[PDB]
């Protein structure tokens, strides 16, 4: 089965350069067109560029013309998006997708996305504190608990619970921009009252931009 995996997003200084990788598995990139499509935060979808990896014939959106370069390496079955002359309007999640079909084209398979933040500011790993389950955080057999992920830049942080064994009743809130200019978000989970004390609760925070991986253990009050 066809799979497009991306790598190389994150923080990049204005004016600077960032090269995104799109690794393809389950097909040859020589058979189809590979694309890059972006999405500004809370905005719609923008087609960036495209390549026909066979001959290397590219096509770009005026918005990225002369600045970004789409290129492929068939030997590796990977397509690339080298971003140069980086402006703030370029801050977006960057997806790659292919055009698959028989007697038609359609972006059937996409990449997972990678957020690119164009900022002069510096990277900062988060500070994780437990939001410990209390009797003031219990209501009719359902106990809530969580994790505070304060002071990090840029986005994103990803929170998983018990290494992904716990997914039900999880709510990792969107991040809030503080006065500092740093982001902070919570991630909460509601578990049964019987489970506290007998079951271990750990939140797995990952700030890829500054390679931070923290596994804070949430114990009761």
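Positions refer to the first chain, counted from 1.
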**Fill in**
Higher of the two mean Cα B-factors (180 to 188, 29 to 37; per PDB record) comes from 29 to 37
**Message:** Test of understanding: from the entry's C-alpha B-factors, which stretch has the higher mean, 160 to 168 or 191 to 199?
**Reply:** 191 to 199
**Request:** Among the candidates 134, 117, 112, 71, give the one with the maximum CA B-factor reported in the record.
**Result:** 134
**Prompt:** Compared with the other modelled residues in the chain, in which third is the CA B-factor of residue 139?
**Reply:** highest
**Asked** Lowest, middle or highest third of the chain for the C-alpha temperature factor of residue 206?
**Response** middle
**Fill in**
Split the chain's modelled residues into thirds by Cα B-factor; residue 103 lands in the lowest
**Request:** Name the third of the chain's ranked CA B-factors that contains residue 123, choosing lowest, middle or highest.
**Result:** middle
**Fill in**
Split the chain's modelled residues into thirds by Cα B-factor; residue 88 lands in the middle
